[PDB]
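Student: My structure is below; once you've seen it, I'll send some questions.
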Amino acid sequence: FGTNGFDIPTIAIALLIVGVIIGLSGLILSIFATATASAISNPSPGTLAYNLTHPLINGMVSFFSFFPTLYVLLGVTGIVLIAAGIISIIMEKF
Amino acid sequence: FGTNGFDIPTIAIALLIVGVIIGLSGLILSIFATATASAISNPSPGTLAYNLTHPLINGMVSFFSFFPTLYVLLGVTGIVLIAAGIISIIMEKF
Amino acid sequence: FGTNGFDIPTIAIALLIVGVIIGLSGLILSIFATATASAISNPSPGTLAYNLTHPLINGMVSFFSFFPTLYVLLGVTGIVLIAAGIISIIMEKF
Amino acid sequence: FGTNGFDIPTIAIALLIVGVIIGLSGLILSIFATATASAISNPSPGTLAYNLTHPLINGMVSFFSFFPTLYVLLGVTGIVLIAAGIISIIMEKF
Amino acid sequence: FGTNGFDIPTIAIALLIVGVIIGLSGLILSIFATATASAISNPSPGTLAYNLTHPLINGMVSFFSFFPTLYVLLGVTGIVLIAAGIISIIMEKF
Amino acid sequence: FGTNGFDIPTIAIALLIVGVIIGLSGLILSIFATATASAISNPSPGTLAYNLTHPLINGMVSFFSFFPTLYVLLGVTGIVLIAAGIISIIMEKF
Amino acid sequence: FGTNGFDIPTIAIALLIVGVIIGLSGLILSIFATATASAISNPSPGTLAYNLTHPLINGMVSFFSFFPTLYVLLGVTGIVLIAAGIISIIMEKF
């Protein structure tokens with residue numbers, strides 16, 4: 001059901017796969033982050049360990065705040081792909 | 001029952017296949033998302049784990065909100081295909 | 001009973017085949033959709049699982065609402081085919 | 001049924017083809033425009049996204065408002081063609 | 001249905017193609033611009049980041065304000081093409 | 001749909017591409033500039049580091065203030081291109 | 001009584017076999033689950049053994065709640081098989 005490489009069943013299967021992969025990734029990351037939060041403690045506001053550890057958790061927070069826009073762009077990509085498929089069908093179907 | 005590659009039984013079978021695939025995909029995604037919702041907890045509004053986990057669920061929500069328009073375009077594609085078939089029949093049947 | 005490829009018995013057989021295929025497809029889709037409806041539950045209006053699952057059922061609804069016009073065009077195609085056959089007969093029968 | 005290239009059956013078939021093509025085009029455009037209208041939202045009257053998006057929908061509206069006169073001229077062309085055919089018949093039929 | 005290269009079905013197909021392409025482009029641009037608006041924040045009116053970022057969004061706004069007249073001229077082009085076709089038909093049809 | 005190299009679908013695709021590229025560029029620049037603003041600190045008004053660092057941020061500000069007119073001219077270029085296309089069509093279509 | 005591999009007696013025998021197997025499986029599972037329920041006790045709501053044992057019975061409950069949809073799909077499969085057989089008969093019986 002297509003013309004050259006655009007196959008609606010294949011597209012549906014790809015959507016299935018990407019959705020399940022993203023769900024698994026989110027699950028694993030949340031489960032691991034809970035363990036991270038449990039492991040690290042709060043020594044004191046101004047002692048040696050605070051200076052030793054604070055920037056690391058800052059970097060953690062920053063990177064995890066960068067994740068959302070990555071996911072948004074990844075989602076955007078599929079609309080472009082489907083649109084290109086539709087245009088390719090229309091071009092030489094007539 | 002066609003002229004070159006347009007076969008009404010084949011079209012009906014293709015519609016059958018795509019419908020069943022989409023149904024299965026929705027079923028699997030809902031079943032898995034229920035497990036995801038059960039697994040992840042809500043630690044606190046402002047502790048370390050919240051900073052660690054919130055953007056991930058934000059990305060989840062965004063991608064899953066992107067799904068609907070993907071499905072809509074996928075549905076639109078079939079009308080174009082059937083229309084191209086009709087035009088191709090009319091062109092050289094007379 | 002024809003001139004080149006237009007055979008009334010063949011046309012009747014083709015109509016038989018397409019009708020039975022469409023009936024089977026509708027039967028299977030309804031039976032499977034009942035199972036889909038039974039499987040998925042309604043967690044809550046505003047919790048995590050709702051955000052996780054709602055757009056999927058929205059896409060389900062949209063695609064299944066797209067089906068009717070597909071069926072209508074598929075039905076329209078046969079009138080065109082029979083008309084082309086009649087014209088082809090008339091052209092060189094005299 | 002003609003003299004050189006003017007064939008009344010051919011003209012009727014051409015009218016059939018153009019009518020069906022225009023109908024299909026209008027159908028597809030309306031169906032797709034409904035999806036476009038559903039997809040785009042209204043963020044706010046004066047925020048960043050409004051400045052980012054408004055001229056695009058303005059261009060959409062303008063082009064789609066240009067369509068009608070295109071269709072009108074396309075319709076006008078057929079009268080000219082049929083008239084030229086009639087004149088050509090009259091010129092050397094006598 | 002034409003004389004040399006002017007084909008009414010071809011013109012209708014071209015109109016179909018351009019309309020669908022413009023719709024897709026507007027859709028993609030709006031969807032992406034929403035993500036852009038979400039990503040960039042408003043640091044402060046007078047700090048370093050404001051000086052660093054403001055002219056960029058100014059250029060964004062300017063270019064997107066330039067789009068409308070581009071679309072208008074693109075729409076105008078088709079009337080010229082159809083008119084040239086009509087004149088070419090009239091010139092040597094008689 | 002053109003005469004030699006002027007193709008309305010190609011023009012629309014080019015507009016799509018340039019718009020998306022400009023959006024991506026603005027996004028990346030804003031995201032990076034936020035990091036720049038976060039990284040550099042304000043030592044003091046008159047110490048060694050101030051003399052060492054101030055002209056650099058001055059140059060940053062100047063260049064980023066130069067960007068807007070660059071974008072404006074880049075936008076202007078497209079109107080010229082489309083106009084040249086229209087004139088070229090008109091010249092030898094008649 | 002068939003054409004290639006579709007044999008109505010064979011289908012009836014297969015239905016017999018699957019029905020009896022499913023009945024036996026349900027019987028054995030219920031009989032064993034009764035023994036499981038008898039064996040495990042309820043120590044206390046909050047002591048060590050409760051923490052040690054509760055998630056296991058939770059997993060038991062979850063998996064056994066997953067069984068029903070598995071059975072439903074297994075039942076659905078037979079309608080598809082019989083339908084494919086009917087279509088295959090019709091295709092080349094005429």
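Chain labels run A, B, ... following the order of the structure tokens; each chain numbers its residues from 1, and ligands are numbered from 1 in the order shown.
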I'd like the contact shell of residue A:64 - 12 Å cut-off, only C-alpha atoms, skipping same-chain residues fewer than 2 positions apart - returned as a PyMOL selection string.

Tutor: (chain A and resi 26+29-30+33+57-62+66-71) or (chain B and resi 48-59)

Student: Output C-alpha atoms of each residue in that selection to a file, as a PDB file, in the first residue's frame.

Tutor:
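Generated output (selection.pdb):
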ATOM      1  CA  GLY A  26      11.175   7.615  30.586  1.00  0.00           C
ATOM      2  CA  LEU A  29      15.187   7.307  33.817  1.00  0.00           C
ATOM      3  CA  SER A  30      12.585   8.022  36.496  1.00  0.00           C
ATOM      4  CA  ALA A  33      16.666   9.120  39.268  1.00  0.00           C
ATOM      5  CA  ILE A  57      23.794  18.246  40.966  1.00  0.00           C
ATOM      6  CA  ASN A  58      23.589  21.597  39.181  1.00  0.00           C
ATOM      7  CA  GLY A  59      24.776  19.920  35.986  1.00  0.00           C
ATOM      8  CA  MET A  60      22.308  17.088  36.539  1.00  0.00           C
ATOM      9  CA  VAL A  61      19.464  19.593  36.785  1.00  0.00           C
ATOM     10  CA  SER A  62      20.602  21.515  33.706  1.00  0.00           C
ATOM     11  CA  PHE A  66      17.507  20.269  28.352  1.00  0.00           C
ATOM     12  CA  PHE A  67      15.727  16.960  27.652  1.00  0.00           C
ATOM     13  CA  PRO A  68      12.213  18.432  26.978  1.00  0.00           C
ATOM     14  CA  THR A  69      13.073  20.399  23.836  1.00  0.00           C
ATOM     15  CA  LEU A  70      14.956  17.375  22.507  1.00  0.00           C
ATOM     16  CA  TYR A  71      11.776  15.339  22.871  1.00  0.00           C
TER      17      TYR A  71
ATOM     18  CA  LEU B  48      15.916  16.834  44.349  1.00  0.00           C
ATOM     19  CA  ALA B  49      13.899  14.029  42.753  1.00  0.00           C
ATOM     20  CA  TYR B  50      11.358  16.503  41.381  1.00  0.00           C
ATOM     21  CA  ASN B  51      14.078  18.445  39.571  1.00  0.00           C
ATOM     22  CA  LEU B  52      15.487  15.099  38.443  1.00  0.00           C
ATOM     23  CA  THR B  53      12.236  13.705  37.021  1.00  0.00           C
ATOM     24  CA  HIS B  54       9.791  16.452  35.977  1.00  0.00           C
ATOM     25  CA  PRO B  55      11.163  17.308  32.487  1.00  0.00           C
ATOM     26  CA  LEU B  56      11.022  13.634  31.505  1.00  0.00           C
ATOM     27  CA  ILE B  57       7.281  13.420  32.112  1.00  0.00           C
ATOM     28  CA  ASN B  58       6.957  16.772  30.345  1.00  0.00           C
ATOM     29  CA  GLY B  59       8.568  15.252  27.259  1.00  0.00           C
TER      30      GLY B  59
END

Student: Can you pull out every residue within 9 Å of residue F:6, counting only C-alpha atoms, but drop anything in the same chain fewer than 4 positions away, and send it as a list in words?

Tutor: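 Once the adjacent positions are removed, what remains is residues 1, 2, 10, 11, 82, 85, 86, 88 and 89 of chain F.
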
Student: What's around residue C:31 at 12 Å? Count only C-alpha atoms, leave out sequence neighbours fewer than 6 positions away in its own chain, and write the answer as a list in words.

Tutor: residues 20 and 23 of chain B; 24, 25, 37 and 38 of chain C; 72, 73, 75, 76, 77, 79 and 80 of chain G

Student: Next, dump the selected residues to file, keeping only C-alpha atoms, as a compact mmCIF listing (two decimals), in the first residue's frame.

Tutor:
# COMPACT_ATOMS: atom_id res chain seq x y z
CA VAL B 20 -6.17 -3.68 12.75
CA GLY B 23 -6.07 -0.77 16.90
CA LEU C 24 -15.74 -9.68 6.74
CA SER C 25 -13.65 -6.56 7.32
CA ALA C 37 -13.06 -0.70 24.42
CA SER C 38 -13.16 -3.36 27.13
CA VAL G 72 -9.88 -12.73 24.15
CA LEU G 73 -7.26 -12.22 21.43
CA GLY G 75 -10.42 -16.36 20.57
CA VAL G 76 -10.41 -13.56 17.99
CA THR G 77 -7.70 -15.32 15.95
CA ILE G 79 -12.51 -15.80 13.14
CA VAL G 80 -9.64 -14.37 11.10

Student: From a DSSP pass on the backbone, collect the residues of chain C flagged as helix (DSSP H, G or I) and hand them back as a PyMOL selection string.

Tutor: chain C and resi 8-39+48-93

Student: When you draw a straight line from atom CA of residue F:93 to atom CA of residue E:81, how long is it in Å?

Tutor: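 Separation between atom CA of residue F:93 and atom CA of residue E:81: 7.9 Å.
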
Student: Find the spatial neighbours of residue E:13, counting only C-alpha atoms, within a cut-off of 9 Å - ignore same-chain residues fewer than 4 positions away - and output them as a PyMOL selection string.

Tutor: (chain A and resi 94) or (chain D and resi 21-22+25) or (chain E and resi 8-9+17-18)

Student: Which of these residues is nearest to chain D, using only C-alpha atoms: F:90, F:4, F:15, F:40?

Tutor: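 The answer is F:15, which sits nearest to chain D.
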
Student: If you measure from atom CA of residue D:32 to atom CA of residue C:74, what distance in Å do you get, rounded to one decimal?

Tutor: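 About the pair atom CA of residue D:32 and atom CA of residue C:74: they are 19.8 Å apart.
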
Student: In Å to one decimal, how far is atom CA of residue E:12 from atom CA of residue D:63?

Tutor: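 Separating atom CA of residue D:63 from atom CA of residue E:12 is a distance of 15.4 Å.
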